[PDB]
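Visitor: this one is an experimental structure. Sequence first:
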Amino acid sequence: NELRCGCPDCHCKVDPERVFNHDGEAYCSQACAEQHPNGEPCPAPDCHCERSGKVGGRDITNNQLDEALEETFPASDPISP
Ligand SMILES: [Cd+2]
Ligand SMILES: [Cd+2]
Ligand SMILES: [Cd+2]
Ligand SMILES: [Cd+2]
């Protein structure tokens, strides 16, 4: 039932109670979750992952975001909890 880190170059135990997800993937920490965007390694002192793959400088981190409205506030408001 242990979760596994998405970083192949990383050696960490991902707890099912503290798994950092990214796009549906499991990671040891949010550090690896972003696949080292600033070359920042995971928060493990014995681990040395940062030059994984061909990451040079940064990655293409751009969100398409959500455009399913912004809760339009009209005069007649729906039932509030
Ligand atoms: Cd690591
Ligand atoms: Cd790690
Ligand atoms: Cd990791
Ligand atoms: Cd890593």
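Guide: Perfect, I can see it now. Residues are numbered from 1 along each chain as shown. Ligands and ions are numbered 1, 2, ... in the order given.
Visitor: when you work out contacts or count neighbours from here on, use the C-alpha atoms and nothing else.
Guide: OK.
Visitor: any part of stretch 22-38 near ligand 3?
Guide: Yes: with CA under 5 Å from the ion as the measure, stretch 22-38 is seen reaching ligand 3 through 28, 32.
Visitor: residue 21 - nearest residue in space that isn't next to it in sequence?
Guide: Distances taken as CA to CA, 6 or more residues apart in numbering place residue 27 nearest to residue 21, at 5.9 Å, with adjacent residues excluded.
Visitor: my guess is the one you found meets residue 2, correct?
Guide: No: with contact taken as CA atoms under 8 Å, residue 27 and residue 2 are classed as non-touching, separated by 11.4 Å.
Visitor: which one of the two has more residues nearby?
Guide: Between residue 27 and residue 2, counted using other CA atoms under 10 Å, residue 27 has the larger neighbour count: 27 against 10.
Visitor: and the more buried one, what does it touch?
Guide: With contact taken as CA atoms under 8 Å, 6 or more residues apart in numbering, residue 27 is in contact with 3-7, 14, 19-21, 33.
Visitor: for residue 4, give the beta-bridge partners.
Guide: The residues listed as beta-bridge partners of residue 4 by DSSP bridges are residue 13.
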